[PDB]
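protein.pdb (PDB, C-alpha atoms) appears below.
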ATOM      1  CA  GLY A   1      28.003   7.751  -8.141
ATOM      2  CA  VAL A   2      26.243   4.410  -8.593
ATOM      3  CA  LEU A   3      27.537   1.777 -11.022
ATOM      4  CA  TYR A   4      26.029  -1.635 -11.824
ATOM      5  CA  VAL A   5      28.154  -4.005 -13.924
ATOM      6  CA  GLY A   6      26.495  -7.251 -14.997
ATOM      7  CA  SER A   7      24.200  -7.352 -11.965
ATOM      8  CA  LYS A   8      20.565  -8.155 -11.197
ATOM      9  CA  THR A   9      18.785  -5.981  -8.644
ATOM     10  CA  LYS A  10      15.200  -5.760  -7.390
ATOM     11  CA  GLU A  11      14.471  -2.597  -5.400
ATOM     12  CA  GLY A  12      11.043  -1.775  -4.026
ATOM     13  CA  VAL A  13       9.004  -4.537  -5.660
ATOM     14  CA  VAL A  14       6.035  -6.725  -4.782
ATOM     15  CA  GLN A  15       6.471  -9.967  -6.717
ATOM     16  CA  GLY A  16       3.563 -12.324  -6.120
ATOM     17  CA  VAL A  17       0.344 -11.924  -4.134
ATOM     18  CA  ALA A  18      -2.383 -14.576  -4.358
ATOM     19  CA  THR A  19      -5.589 -14.277  -2.337
ATOM     20  CA  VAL A  20      -8.784 -16.334  -2.335
ATOM     21  CA  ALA A  21     -11.660 -14.650  -0.502
ATOM     22  CA  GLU A  22     -15.107 -16.218  -0.071
ATOM     23  CA  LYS A  23     -17.518 -13.988   1.839
ATOM     24  CA  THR A  24     -21.273 -14.280   2.366
ATOM     25  CA  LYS A  25     -23.299 -11.376   3.745
ATOM     26  CA  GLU A  26     -20.929  -8.581   4.687
ATOM     27  CA  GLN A  27     -22.395  -5.181   5.488
ATOM     28  CA  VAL A  28     -20.283  -2.067   6.015
ATOM     29  CA  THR A  29     -21.652   1.072   7.675
ATOM     30  CA  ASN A  30     -19.154   3.938   7.674
ATOM     31  CA  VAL A  31     -19.847   7.481   8.879
ATOM     32  CA  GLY A  32     -17.069  10.026   8.392
ATOM     33  CA  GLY A  33     -14.402   7.330   8.285
ATOM     34  CA  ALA A  34     -12.261   5.049   6.120
ATOM     35  CA  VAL A  35     -12.795   1.312   5.622
ATOM     36  CA  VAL A  36     -10.565  -0.882   3.444
ATOM     37  CA  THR A  37     -11.464  -4.536   2.847
ATOM     38  CA  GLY A  38      -9.682  -5.272  -0.443
ATOM     39  CA  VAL A  39      -6.254  -6.229  -1.744
ATOM     40  CA  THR A  40      -3.656  -3.454  -1.923
ATOM     41  CA  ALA A  41      -0.128  -3.785  -3.312
ATOM     42  CA  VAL A  42       2.099  -0.694  -3.270
ATOM     43  CA  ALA A  43       5.703  -0.631  -4.497
ATOM     44  CA  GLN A  44       7.759   2.571  -4.515
ATOM     45  CA  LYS A  45      11.471   3.123  -5.030
ATOM     46  CA  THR A  46      12.131   6.551  -3.495
ATOM     47  CA  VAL A  47       9.781   8.935  -1.682
ATOM     48  CA  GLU A  48      11.273  12.186  -0.372
ATOM     49  CA  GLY A  49       9.571  15.078   1.374
ATOM     50  CA  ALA A  50       8.994  16.711   4.742
ATOM     51  CA  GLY A  51       5.729  15.620   6.319
ATOM     52  CA  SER A  52       5.236  13.268   3.381
ATOM     53  CA  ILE A  53       2.889  10.281   3.527
ATOM     54  CA  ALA A  54       3.537   7.308   1.244
ATOM     55  CA  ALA A  55       1.633   4.002   1.265
ATOM     56  CA  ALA A  56      -1.252   4.911   3.544
ATOM     57  CA  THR A  57      -4.159   2.443   3.569
ATOM     58  CA  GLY A  58      -7.154   3.062   5.786
ATOM     59  CA  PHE A  59      -6.020   6.486   6.960
ATOM     60  CA  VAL A  60      -8.033   9.207   8.716
ATOM     61  CA  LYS A  61      -6.197  12.524   9.092
ATOM     62  CA  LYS A  62      -7.858  15.434  10.920
ATOM     63  CA  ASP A  63      -4.916  17.551  12.065
ATOM     64  CA  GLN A  64      -5.838  20.890  13.624
TER      65      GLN A  64
ATOM     66  CA  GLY B   1      26.046   9.914 -12.028
ATOM     67  CA  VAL B   2      24.338   6.550 -12.510
ATOM     68  CA  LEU B   3      25.687   3.949 -14.943
ATOM     69  CA  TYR B   4      24.235   0.520 -15.773
ATOM     70  CA  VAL B   5      26.407  -1.808 -17.871
ATOM     71  CA  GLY B   6      24.802  -5.072 -18.971
ATOM     72  CA  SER B   7      22.491  -5.223 -15.954
ATOM     73  CA  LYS B   8      18.863  -6.084 -15.214
ATOM     74  CA  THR B   9      17.035  -3.950 -12.661
ATOM     75  CA  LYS B  10      13.439  -3.788 -11.429
ATOM     76  CA  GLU B  11      12.652  -0.647  -9.427
ATOM     77  CA  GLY B  12       9.203   0.117  -8.069
ATOM     78  CA  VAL B  13       7.216  -2.665  -9.731
ATOM     79  CA  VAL B  14       4.274  -4.902  -8.883
ATOM     80  CA  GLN B  15       4.770  -8.126 -10.833
ATOM     81  CA  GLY B  16       1.893 -10.529 -10.265
ATOM     82  CA  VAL B  17      -1.344 -10.187  -8.297
ATOM     83  CA  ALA B  18      -4.030 -12.879  -8.552
ATOM     84  CA  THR B  19      -7.252 -12.638  -6.551
ATOM     85  CA  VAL B  20     -10.416 -14.742  -6.579
ATOM     86  CA  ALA B  21     -13.330 -13.110  -4.755
ATOM     87  CA  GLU B  22     -16.755 -14.730  -4.355
ATOM     88  CA  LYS B  23     -19.211 -12.547  -2.449
ATOM     89  CA  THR B  24     -22.965 -12.896  -1.946
ATOM     90  CA  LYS B  25     -25.041 -10.030  -0.565
ATOM     91  CA  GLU B  26     -22.718  -7.205   0.406
ATOM     92  CA  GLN B  27     -24.240  -3.831   1.216
ATOM     93  CA  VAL B  28     -22.177  -0.690   1.771
ATOM     94  CA  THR B  29     -23.603   2.420   3.439
ATOM     95  CA  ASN B  30     -21.147   5.323   3.469
ATOM     96  CA  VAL B  31     -21.900   8.849   4.687
ATOM     97  CA  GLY B  32     -19.157  11.437   4.232
ATOM     98  CA  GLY B  33     -16.450   8.782   4.128
ATOM     99  CA  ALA B  34     -14.262   6.544   1.964
ATOM    100  CA  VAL B  35     -14.738   2.801   1.443
ATOM    101  CA  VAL B  36     -12.462   0.653  -0.732
ATOM    102  CA  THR B  37     -13.304  -3.012  -1.353
ATOM    103  CA  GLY B  38     -11.490  -3.703  -4.636
ATOM    104  CA  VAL B  39      -8.040  -4.603  -5.920
ATOM    105  CA  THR B  40      -5.482  -1.789  -6.068
ATOM    106  CA  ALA B  41      -1.941  -2.061  -7.438
ATOM    107  CA  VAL B  42       0.240   1.062  -7.365
ATOM    108  CA  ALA B  43       3.850   1.185  -8.568
ATOM    109  CA  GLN B  44       5.859   4.417  -8.557
ATOM    110  CA  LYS B  45       9.565   5.027  -9.046
ATOM    111  CA  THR B  46      10.165   8.456  -7.490
ATOM    112  CA  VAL B  47       7.768  10.795  -5.678
ATOM    113  CA  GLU B  48       9.203  14.061  -4.343
ATOM    114  CA  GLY B  49       7.449  16.918  -2.592
ATOM    115  CA  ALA B  50       6.827  18.524   0.781
ATOM    116  CA  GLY B  51       3.569  17.378   2.331
ATOM    117  CA  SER B  52       3.129  15.033  -0.622
ATOM    118  CA  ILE B  53       0.825  12.011  -0.506
ATOM    119  CA  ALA B  54       1.532   9.061  -2.800
ATOM    120  CA  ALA B  55      -0.324   5.727  -2.808
ATOM    121  CA  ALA B  56      -3.236   6.581  -0.543
ATOM    122  CA  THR B  57      -6.105   4.070  -0.550
ATOM    123  CA  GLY B  58      -9.124   4.634   1.652
ATOM    124  CA  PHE B  59      -8.049   8.068   2.851
ATOM    125  CA  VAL B  60     -10.112  10.750   4.608
ATOM    126  CA  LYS B  61      -8.328  14.092   5.012
ATOM    127  CA  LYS B  62     -10.042  16.966   6.845
ATOM    128  CA  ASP B  63      -7.140  19.121   8.019
ATOM    129  CA  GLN B  64      -8.121  22.438   9.590
TER     130      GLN B  64
ATOM    131  CA  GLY C   1      24.086  12.071 -15.909
ATOM    132  CA  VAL C   2      22.431   8.685 -16.419
ATOM    133  CA  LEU C   3      23.833   6.117 -18.858
ATOM    134  CA  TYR C   4      22.437   2.671 -19.716
ATOM    135  CA  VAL C   5      24.657   0.387 -21.812
ATOM    136  CA  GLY C   6      23.108  -2.894 -22.940
ATOM    137  CA  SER C   7      20.780  -3.095 -19.939
ATOM    138  CA  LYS C   8      17.160  -4.013 -19.227
ATOM    139  CA  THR C   9      15.285  -1.920 -16.674
ATOM    140  CA  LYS C  10      11.679  -1.819 -15.464
ATOM    141  CA  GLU C  11      10.833   1.300 -13.451
ATOM    142  CA  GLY C  12       7.365   2.005 -12.111
ATOM    143  CA  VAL C  13       5.429  -0.797 -13.801
ATOM    144  CA  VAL C  14       2.516  -3.081 -12.984
ATOM    145  CA  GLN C  15       3.071  -6.288 -14.947
ATOM    146  CA  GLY C  16       0.227  -8.736 -14.411
ATOM    147  CA  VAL C  17      -3.027  -8.453 -12.463
ATOM    148  CA  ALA C  18      -5.672 -11.182 -12.749
ATOM    149  CA  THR C  19      -8.910 -10.999 -10.767
ATOM    150  CA  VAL C  20     -12.042 -13.149 -10.827
ATOM    151  CA  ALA C  21     -14.990 -11.570  -9.014
ATOM    152  CA  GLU C  22     -18.394 -13.243  -8.644
ATOM    153  CA  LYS C  23     -20.894 -11.106  -6.741
ATOM    154  CA  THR C  24     -24.645 -11.514  -6.266
ATOM    155  CA  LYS C  25     -26.773  -8.686  -4.882
ATOM    156  CA  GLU C  26     -24.498  -5.833  -3.881
ATOM    157  CA  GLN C  27     -26.074  -2.486  -3.063
ATOM    158  CA  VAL C  28     -24.062   0.682  -2.477
ATOM    159  CA  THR C  29     -25.544   3.762  -0.802
ATOM    160  CA  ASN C  30     -23.132   6.700  -0.740
ATOM    161  CA  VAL C  31     -23.945  10.207   0.491
ATOM    162  CA  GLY C  32     -21.237  12.838   0.068
ATOM    163  CA  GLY C  33     -18.490  10.224  -0.033
ATOM    164  CA  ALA C  34     -16.256   8.030  -2.195
ATOM    165  CA  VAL C  35     -16.673   4.283  -2.739
ATOM    166  CA  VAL C  36     -14.352   2.181  -4.911
ATOM    167  CA  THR C  37     -15.136  -1.492  -5.557
ATOM    168  CA  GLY C  38     -13.291  -2.139  -8.832
ATOM    169  CA  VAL C  39      -9.821  -2.980 -10.099
ATOM    170  CA  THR C  40      -7.303  -0.129 -10.215
ATOM    171  CA  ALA C  41      -3.749  -0.340 -11.563
ATOM    172  CA  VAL C  42      -1.616   2.814 -11.460
ATOM    173  CA  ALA C  43       2.000   2.996 -12.639
ATOM    174  CA  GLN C  44       3.960   6.258 -12.597
ATOM    175  CA  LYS C  45       7.661   6.925 -13.059
ATOM    176  CA  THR C  46       8.199  10.354 -11.481
ATOM    177  CA  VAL C  47       5.757  12.647  -9.672
ATOM    178  CA  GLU C  48       7.136  15.927  -8.310
ATOM    179  CA  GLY C  49       5.328  18.748  -6.555
ATOM    180  CA  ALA C  50       4.661  20.327  -3.178
ATOM    181  CA  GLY C  51       1.410  19.123  -1.655
ATOM    182  CA  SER C  52       1.023  16.789  -4.623
ATOM    183  CA  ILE C  53      -1.235  13.732  -4.539
ATOM    184  CA  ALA C  54      -0.471  10.805  -6.843
ATOM    185  CA  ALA C  55      -2.277   7.445  -6.882
ATOM    186  CA  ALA C  56      -5.217   8.244  -4.630
ATOM    187  CA  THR C  57      -8.049   5.691  -4.669
ATOM    188  CA  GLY C  58     -11.088   6.199  -2.484
ATOM    189  CA  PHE C  59     -10.072   9.642  -1.259
ATOM    190  CA  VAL C  60     -12.186  12.282   0.498
ATOM    191  CA  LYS C  61     -10.454  15.648   0.932
ATOM    192  CA  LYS C  62     -12.222  18.488   2.770
ATOM    193  CA  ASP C  63      -9.359  20.678   3.974
ATOM    194  CA  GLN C  64     -10.399  23.971   5.556
TER     195      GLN C  64
ATOM    196  CA  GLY D   1      29.946   5.578  -4.266
ATOM    197  CA  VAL D   2      28.133   2.261  -4.689
ATOM    198  CA  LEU D   3      29.373  -0.405  -7.111
ATOM    199  CA  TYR D   4      27.810  -3.799  -7.884
ATOM    200  CA  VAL D   5      29.886  -6.211  -9.984
ATOM    201  CA  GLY D   6      28.172  -9.439 -11.028
ATOM    202  CA  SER D   7      25.897  -9.489  -7.981
ATOM    203  CA  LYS D   8      22.254 -10.234  -7.185
ATOM    204  CA  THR D   9      20.523  -8.019  -4.633
ATOM    205  CA  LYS D  10      16.950  -7.739  -3.358
ATOM    206  CA  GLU D  11      16.282  -4.554  -1.381
ATOM    207  CA  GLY D  12      12.875  -3.674   0.012
ATOM    208  CA  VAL D  13      10.785  -6.415  -1.595
ATOM    209  CA  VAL D  14       7.790  -8.554  -0.684
ATOM    210  CA  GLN D  15       8.166 -11.812  -2.604
ATOM    211  CA  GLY D  16       5.227 -14.123  -1.974
ATOM    212  CA  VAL D  17       2.028 -13.665   0.030
ATOM    213  CA  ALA D  18      -0.740 -16.278  -0.161
ATOM    214  CA  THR D  19      -3.928 -15.920   1.878
ATOM    215  CA  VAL D  20      -7.153 -17.930   1.913
ATOM    216  CA  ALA D  21      -9.992 -16.193   3.755
ATOM    217  CA  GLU D  22     -13.459 -17.709   4.217
ATOM    218  CA  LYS D  23     -15.824 -15.433   6.130
ATOM    219  CA  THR D  24     -19.580 -15.665   6.683
ATOM    220  CA  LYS D  25     -21.552 -12.724   8.058
ATOM    221  CA  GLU D  26     -19.135  -9.960   8.969
ATOM    222  CA  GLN D  27     -20.547  -6.533   9.761
ATOM    223  CA  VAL D  28     -18.387  -3.450  10.256
ATOM    224  CA  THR D  29     -19.697  -0.280  11.907
ATOM    225  CA  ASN D  30     -17.157   2.548  11.874
ATOM    226  CA  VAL D  31     -17.792   6.108  13.062
ATOM    227  CA  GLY D  32     -14.978   8.609  12.544
ATOM    228  CA  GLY D  33     -12.353   5.873  12.435
ATOM    229  CA  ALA D  34     -10.259   3.549  10.269
ATOM    230  CA  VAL D  35     -10.852  -0.183   9.796
ATOM    231  CA  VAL D  36      -8.669  -2.421   7.615
ATOM    232  CA  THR D  37      -9.626  -6.066   7.045
ATOM    233  CA  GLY D  38      -7.876  -6.845   3.748
ATOM    234  CA  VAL D  39      -4.471  -7.859   2.430
ATOM    235  CA  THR D  40      -1.833  -5.124   2.219
ATOM    236  CA  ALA D  41       1.681  -5.515   0.808
ATOM    237  CA  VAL D  42       3.953  -2.457   0.819
ATOM    238  CA  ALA D  43       7.550  -2.455  -0.431
ATOM    239  CA  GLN D  44       9.652   0.716  -0.481
ATOM    240  CA  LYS D  45      13.369   1.211  -1.023
ATOM    241  CA  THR D  46      14.089   4.638   0.487
ATOM    242  CA  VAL D  47      11.785   7.066   2.303
ATOM    243  CA  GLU D  48      13.333  10.302   3.584
ATOM    244  CA  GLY D  49      11.686  13.229   5.325
ATOM    245  CA  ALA D  50      11.156  14.888   8.688
ATOM    246  CA  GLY D  51       7.885  13.855  10.291
ATOM    247  CA  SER D  52       7.338  11.494   7.370
ATOM    248  CA  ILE D  53       4.949   8.542   7.548
ATOM    249  CA  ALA D  54       5.539   5.548   5.279
ATOM    250  CA  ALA D  55       3.586   2.269   5.330
ATOM    251  CA  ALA D  56       0.729   3.234   7.623
ATOM    252  CA  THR D  57      -2.213   0.809   7.680
ATOM    253  CA  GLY D  58      -5.184   1.485   9.913
ATOM    254  CA  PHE D  59      -3.994   4.899  11.061
ATOM    255  CA  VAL D  60      -5.954   7.658  12.814
ATOM    256  CA  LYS D  61      -4.067  10.950  13.158
ATOM    257  CA  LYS D  62      -5.673  13.894  14.981
ATOM    258  CA  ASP D  63      -2.693  15.974  16.095
ATOM    259  CA  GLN D  64      -3.555  19.336  17.641
TER     260      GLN D  64
ATOM    261  CA  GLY E   1      31.884   3.398  -0.387
ATOM    262  CA  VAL E   2      30.020   0.106  -0.781
ATOM    263  CA  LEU E   3      31.206  -2.590  -3.196
ATOM    264  CA  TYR E   4      29.588  -5.964  -3.941
ATOM    265  CA  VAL E   5      31.614  -8.419  -6.040
ATOM    266  CA  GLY E   6      29.847 -11.626  -7.055
ATOM    267  CA  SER E   7      27.590 -11.627  -3.994
ATOM    268  CA  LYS E   8      23.942 -12.314  -3.171
ATOM    269  CA  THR E   9      22.261 -10.060  -0.620
ATOM    270  CA  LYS E  10      18.700  -9.720   0.676
ATOM    271  CA  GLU E  11      18.091  -6.515   2.640
ATOM    272  CA  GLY E  12      14.707  -5.577   4.050
ATOM    273  CA  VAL E  13      12.566  -8.295   2.472
ATOM    274  CA  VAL E  14       9.546 -10.385   3.413
ATOM    275  CA  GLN E  15       9.862 -13.659   1.508
ATOM    276  CA  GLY E  16       6.893 -15.923   2.170
ATOM    277  CA  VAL E  17       3.714 -15.406   4.191
ATOM    278  CA  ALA E  18       0.906 -17.980   4.032
ATOM    279  CA  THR E  19      -2.263 -17.563   6.090
ATOM    280  CA  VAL E  20      -5.516 -19.526   6.156
ATOM    281  CA  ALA E  21      -8.317 -17.737   8.007
ATOM    282  CA  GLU E  22     -11.803 -19.198   8.498
ATOM    283  CA  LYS E  23     -14.123 -16.878  10.414
ATOM    284  CA  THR E  24     -17.878 -17.052  10.992
ATOM    285  CA  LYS E  25     -19.798 -14.075  12.364
ATOM    286  CA  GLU E  26     -17.334 -11.341  13.244
ATOM    287  CA  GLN E  27     -18.690  -7.891  14.026
ATOM    288  CA  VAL E  28     -16.481  -4.835  14.490
ATOM    289  CA  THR E  29     -17.735  -1.639  16.132
ATOM    290  CA  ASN E  30     -15.154   1.151  16.068
ATOM    291  CA  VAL E  31     -15.727   4.726  17.241
ATOM    292  CA  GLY E  32     -12.882   7.183  16.691
ATOM    293  CA  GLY E  33     -10.297   4.409  16.580
ATOM    294  CA  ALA E  34      -8.252   2.041  14.413
ATOM    295  CA  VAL E  35      -8.902  -1.684  13.965
ATOM    296  CA  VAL E  36      -6.767  -3.966  11.783
ATOM    297  CA  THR E  37      -7.781  -7.599  11.239
ATOM    298  CA  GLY E  38      -6.063  -8.422   7.934
ATOM    299  CA  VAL E  39      -2.683  -9.493   6.600
ATOM    300  CA  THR E  40      -0.007  -6.799   6.358
ATOM    301  CA  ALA E  41       3.492  -7.249   4.926
ATOM    302  CA  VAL E  42       5.809  -4.224   4.906
ATOM    303  CA  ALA E  43       9.398  -4.281   3.634
ATOM    304  CA  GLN E  44      11.546  -1.142   3.553
ATOM    305  CA  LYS E  45      15.265  -0.705   2.985
ATOM    306  CA  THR E  46      16.046   2.719   4.472
ATOM    307  CA  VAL E  47      13.791   5.190   6.289
ATOM    308  CA  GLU E  48      15.394   8.410   7.543
ATOM    309  CA  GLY E  49      13.802  11.369   9.278
ATOM    310  CA  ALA E  50      13.317  13.054  12.634
ATOM    311  CA  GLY E  51      10.042  12.079  14.264
ATOM    312  CA  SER E  52       9.442   9.710  11.360
ATOM    313  CA  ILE E  53       7.010   6.794  11.570
ATOM    314  CA  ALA E  54       7.542   3.780   9.312
ATOM    315  CA  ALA E  55       5.540   0.532   9.394
ATOM    316  CA  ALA E  56       2.713   1.551  11.700
ATOM    317  CA  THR E  57      -0.264  -0.831  11.789
ATOM    318  CA  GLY E  58      -3.211  -0.098  14.037
ATOM    319  CA  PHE E  59      -1.962   3.303  15.159
ATOM    320  CA  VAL E  60      -3.870   6.100  16.908
ATOM    321  CA  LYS E  61      -1.933   9.366  17.223
ATOM    322  CA  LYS E  62      -3.483  12.343  19.040
ATOM    323  CA  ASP E  63      -0.466  14.386  20.123
ATOM    324  CA  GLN E  64      -1.269  17.768  21.657
TER     325      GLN E  64
END
Serialized structure, structure tokens:
Amino acid sequence: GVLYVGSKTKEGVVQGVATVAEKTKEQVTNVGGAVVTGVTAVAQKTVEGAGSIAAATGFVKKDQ
Amino acid sequence: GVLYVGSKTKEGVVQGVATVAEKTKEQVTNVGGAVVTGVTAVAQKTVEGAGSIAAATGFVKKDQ
Amino acid sequence: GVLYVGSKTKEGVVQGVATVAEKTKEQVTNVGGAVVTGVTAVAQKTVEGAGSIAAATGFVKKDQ
Amino acid sequence: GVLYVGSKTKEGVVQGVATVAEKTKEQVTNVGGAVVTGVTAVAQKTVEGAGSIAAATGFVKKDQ
Amino acid sequence: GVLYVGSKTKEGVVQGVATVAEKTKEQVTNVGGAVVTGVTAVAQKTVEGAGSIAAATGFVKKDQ
């Protein structure tokens, strides 16, 4: 039982992200891997689950 | 039981993302991998599931 | 049981994304992989499922 | 039982991130690994699950 | 039982992060590892789970 009366609520939010990126001559060599060089904003209220993965950035998974 | 009376609620939201990117001469060489160099905004309220993956950016999965 | 009376709610939304990208001479060489260099906005309310994948960007999956 | 009467609450939020990055000549060589050199904002209200992973950035998992 | 009457509460939030980074000639060589050189903001209200990992940055896990 959850009751909101005349309230304001922010749950799991990204409000404001501002990025200025100036880059000259980048080179990326990736063999069998993961490379992230950008801007990533992830907002989630509820994630439920055994062994679950939520908000993974630059992730290499090789479970045996 | 969930009841909202005269309320304002933001749940799982990305509001404002502003990016300026100036790049001269990038080269990307990727063999059997994942490379992310952009802008990614992901907003999700509810994700449910065993072994579930939600909001994966630049992800290499090779489970055996 | 979910009841909204005179309320305002935002659930799983991306509101505003603004990107300026100036790029001279990019070259992308990709062999058997995934490369993402754009702008990606994903908004989802509810995703349910075992082993489910939601909002995957730049994802290489080779499970055996 | 959770009741909010005339209240303002922020739960699991990233409000404001501002980054200025000037980079000349970066080169990234990655073999079977994970490299993250960007801007990552992750906001989540509730994550529940055995062995769960939430908000992983630059993560290499090779469990046997 | 949790009751908020006319209150203001911030729980699990990152408010303001400002970074200026000027870098000339960085090179990153990573073999079977994890390297993080960016800006990472993670805000989470509640994470529950045995053996759970939340807010891992630059993490190598090879449990046997």
Here's the selection I'm unsure about, the PyMOL selection byres ((chain A and resi 11-27) around 6); applied to the file above, which residues does it give, as a PyMOL selection string? (chain A and resi 10+28+43-45) or (chain B and resi 11-28) or (chain D and resi 11-27+43-45)
Test item: the PyMOL selection byres ((chain C and resi 51-60) around 7) resolved as a list in words: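 Written out, the selection comes to residues 33, 34, 35, 36, 42, 49, 50, 51, 52, 53, 54, 55, 56, 57, 58, 59, 60 and 61 of chain B; 33, 34, 35, 36, 42, 49, 50, 61 and 62 of chain C.
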What does chain D look like once superposed on chain C, all Cα atoms paired in sequence order, least squares? Give it as a PDB file with C-alpha atoms, in the coordinates of the input.
ATOM      1  CA  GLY D   1      24.086  12.071 -15.908  1.00  0.00           C
ATOM      2  CA  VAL D   2      22.430   8.685 -16.419  1.00  0.00           C
ATOM      3  CA  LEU D   3      23.833   6.117 -18.858  1.00  0.00           C
ATOM      4  CA  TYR D   4      22.437   2.671 -19.715  1.00  0.00           C
ATOM      5  CA  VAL D   5      24.657   0.388 -21.812  1.00  0.00           C
ATOM      6  CA  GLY D   6      23.108  -2.895 -22.940  1.00  0.00           C
ATOM      7  CA  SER D   7      20.780  -3.096 -19.939  1.00  0.00           C
ATOM      8  CA  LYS D   8      17.160  -4.014 -19.227  1.00  0.00           C
ATOM      9  CA  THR D   9      15.284  -1.920 -16.674  1.00  0.00           C
ATOM     10  CA  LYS D  10      11.679  -1.819 -15.465  1.00  0.00           C
ATOM     11  CA  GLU D  11      10.833   1.300 -13.451  1.00  0.00           C
ATOM     12  CA  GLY D  12       7.365   2.006 -12.111  1.00  0.00           C
ATOM     13  CA  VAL D  13       5.429  -0.798 -13.802  1.00  0.00           C
ATOM     14  CA  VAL D  14       2.516  -3.081 -12.983  1.00  0.00           C
ATOM     15  CA  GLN D  15       3.072  -6.287 -14.947  1.00  0.00           C
ATOM     16  CA  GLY D  16       0.227  -8.736 -14.411  1.00  0.00           C
ATOM     17  CA  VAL D  17      -3.026  -8.453 -12.463  1.00  0.00           C
ATOM     18  CA  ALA D  18      -5.672 -11.181 -12.749  1.00  0.00           C
ATOM     19  CA  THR D  19      -8.910 -10.998 -10.768  1.00  0.00           C
ATOM     20  CA  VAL D  20     -12.043 -13.149 -10.827  1.00  0.00           C
ATOM     21  CA  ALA D  21     -14.990 -11.570  -9.014  1.00  0.00           C
ATOM     22  CA  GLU D  22     -18.395 -13.244  -8.644  1.00  0.00           C
ATOM     23  CA  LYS D  23     -20.894 -11.107  -6.741  1.00  0.00           C
ATOM     24  CA  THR D  24     -24.646 -11.514  -6.265  1.00  0.00           C
ATOM     25  CA  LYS D  25     -26.772  -8.686  -4.883  1.00  0.00           C
ATOM     26  CA  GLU D  26     -24.497  -5.833  -3.881  1.00  0.00           C
ATOM     27  CA  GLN D  27     -26.075  -2.486  -3.063  1.00  0.00           C
ATOM     28  CA  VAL D  28     -24.063   0.681  -2.477  1.00  0.00           C
ATOM     29  CA  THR D  29     -25.543   3.762  -0.802  1.00  0.00           C
ATOM     30  CA  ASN D  30     -23.131   6.699  -0.740  1.00  0.00           C
ATOM     31  CA  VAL D  31     -23.946  10.208   0.491  1.00  0.00           C
ATOM     32  CA  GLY D  32     -21.236  12.839   0.068  1.00  0.00           C
ATOM     33  CA  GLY D  33     -18.491  10.223  -0.033  1.00  0.00           C
ATOM     34  CA  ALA D  34     -16.255   8.030  -2.195  1.00  0.00           C
ATOM     35  CA  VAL D  35     -16.673   4.284  -2.738  1.00  0.00           C
ATOM     36  CA  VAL D  36     -14.352   2.181  -4.911  1.00  0.00           C
ATOM     37  CA  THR D  37     -15.136  -1.493  -5.557  1.00  0.00           C
ATOM     38  CA  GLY D  38     -13.291  -2.139  -8.831  1.00  0.00           C
ATOM     39  CA  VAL D  39      -9.821  -2.979 -10.099  1.00  0.00           C
ATOM     40  CA  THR D  40      -7.303  -0.128 -10.215  1.00  0.00           C
ATOM     41  CA  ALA D  41      -3.749  -0.340 -11.563  1.00  0.00           C
ATOM     42  CA  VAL D  42      -1.616   2.815 -11.459  1.00  0.00           C
ATOM     43  CA  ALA D  43       2.000   2.996 -12.639  1.00  0.00           C
ATOM     44  CA  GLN D  44       3.960   6.257 -12.597  1.00  0.00           C
ATOM     45  CA  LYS D  45       7.661   6.924 -13.059  1.00  0.00           C
ATOM     46  CA  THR D  46       8.200  10.354 -11.481  1.00  0.00           C
ATOM     47  CA  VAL D  47       5.757  12.647  -9.672  1.00  0.00           C
ATOM     48  CA  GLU D  48       7.135  15.927  -8.310  1.00  0.00           C
ATOM     49  CA  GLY D  49       5.327  18.749  -6.555  1.00  0.00           C
ATOM     50  CA  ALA D  50       4.661  20.327  -3.178  1.00  0.00           C
ATOM     51  CA  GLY D  51       1.410  19.124  -1.655  1.00  0.00           C
ATOM     52  CA  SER D  52       1.023  16.790  -4.623  1.00  0.00           C
ATOM     53  CA  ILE D  53      -1.236  13.733  -4.539  1.00  0.00           C
ATOM     54  CA  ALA D  54      -0.471  10.806  -6.843  1.00  0.00           C
ATOM     55  CA  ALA D  55      -2.277   7.444  -6.882  1.00  0.00           C
ATOM     56  CA  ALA D  56      -5.216   8.244  -4.630  1.00  0.00           C
ATOM     57  CA  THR D  57      -8.049   5.691  -4.669  1.00  0.00           C
ATOM     58  CA  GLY D  58     -11.088   6.198  -2.484  1.00  0.00           C
ATOM     59  CA  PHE D  59     -10.073   9.641  -1.259  1.00  0.00           C
ATOM     60  CA  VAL D  60     -12.186  12.282   0.499  1.00  0.00           C
ATOM     61  CA  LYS D  61     -10.453  15.648   0.932  1.00  0.00           C
ATOM     62  CA  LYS D  62     -12.222  18.487   2.769  1.00  0.00           C
ATOM     63  CA  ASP D  63      -9.359  20.678   3.974  1.00  0.00           C
ATOM     64  CA  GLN D  64     -10.398  23.972   5.556  1.00  0.00           C
TER      65      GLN D  64
END
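If you look at atom CA of residue B:47 and atom CA of residue C:47, they are 4.8 Å away from each other.
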Give me, please, the distance in Å between atom CA of residue E:32 and atom CA of residue D:29, quoted to one decimal.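 These atoms are spaced 11.2 Å apart.
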Between atom CA of residue D:38 and atom CA of residue B:31, distance in Å (one decimal):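 Atom CA of residue B:31 lies 21.1 Å from atom CA of residue D:38.
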Distance query residue A:5 at most 9 Å, all atoms listed in the file, self and fewer than 6 positions along chain excluded, as a PyMOL selection string: (chain B and resi 3-7) or (chain D and resi 3-7)
To test the calculation: enclose all listed atoms of stretch 31-47 of chain A in a box whose edges run along x, y and z, add 4 Å on each side, then state centre and edge lengths in Å to one decimal, as lines of an AutoDock Vina configuration file.
center_x = -3.9
center_y = 1.9
center_z = 1.9
size_x = 40.0
size_y = 24.3
size_z = 21.9
